[PDB]
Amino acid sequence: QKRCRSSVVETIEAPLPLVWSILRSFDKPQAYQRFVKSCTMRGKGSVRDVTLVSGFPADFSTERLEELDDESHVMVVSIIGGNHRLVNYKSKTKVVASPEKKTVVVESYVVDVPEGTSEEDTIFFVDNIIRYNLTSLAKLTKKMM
């Protein structure tokens, strides 16, 4: 099964504990993910049911919390169902404070390349979405503080 992987790295002008407090909230992706209309959650193993806003090329996602480490600031999510042509999707989020208060976030993932679309379009599609979310994260943190 054809597979692709990518990674998005961005620097956010906010302190680590602020940024992390938002990312770690598995049950509330809506806080910074514009395409999320609603999310209900049913620590590790937690499953969340996401509904997507109109205009987006999907209506739902079903995602499972694989790992949440509040010591090393890492989250591991995996999409286990959905309408979004994203099959066997599994992502890691790593948060670290900036050596300079600022935060760097690294979001990486693997997913099956869907039938009928190139690796490059699959990468572009997901990367683009992640940058939106990281952009909103920055906006939100800038507000909260």
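All residue numbers are counted from 1 along the displayed sequence.
Going from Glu100 to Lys101, the model skips 1 to 3 deposited residues, which lack coordinates.
The question of which stretch, 11-19 or 122-130, has the higher mean Cα B factor is settled in favour of 11-19. Out of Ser54, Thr93, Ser46, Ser61, it is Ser46 whose C-alpha atom has the highest B-factor in the PDB entry.
Placement of the Cα temperature factor of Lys28 within the chain: highest third of the modelled residues, per the deposited record. Per the deposited record, the Cα B-factor of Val111 falls in the lowest third when ranked against the other modelled residues of its chain. Annotation for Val105: C-alpha temperature factor in the lowest third relative to the rest of the modelled chain, per the entry. In the deposited entry, the Cα temperature factor of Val36 sits in the bottom third of values across the chain's modelled residues. Among all modelled residues in this chain, the alpha-carbon of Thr141 has a temperature factor (C-alpha) in the middle third.
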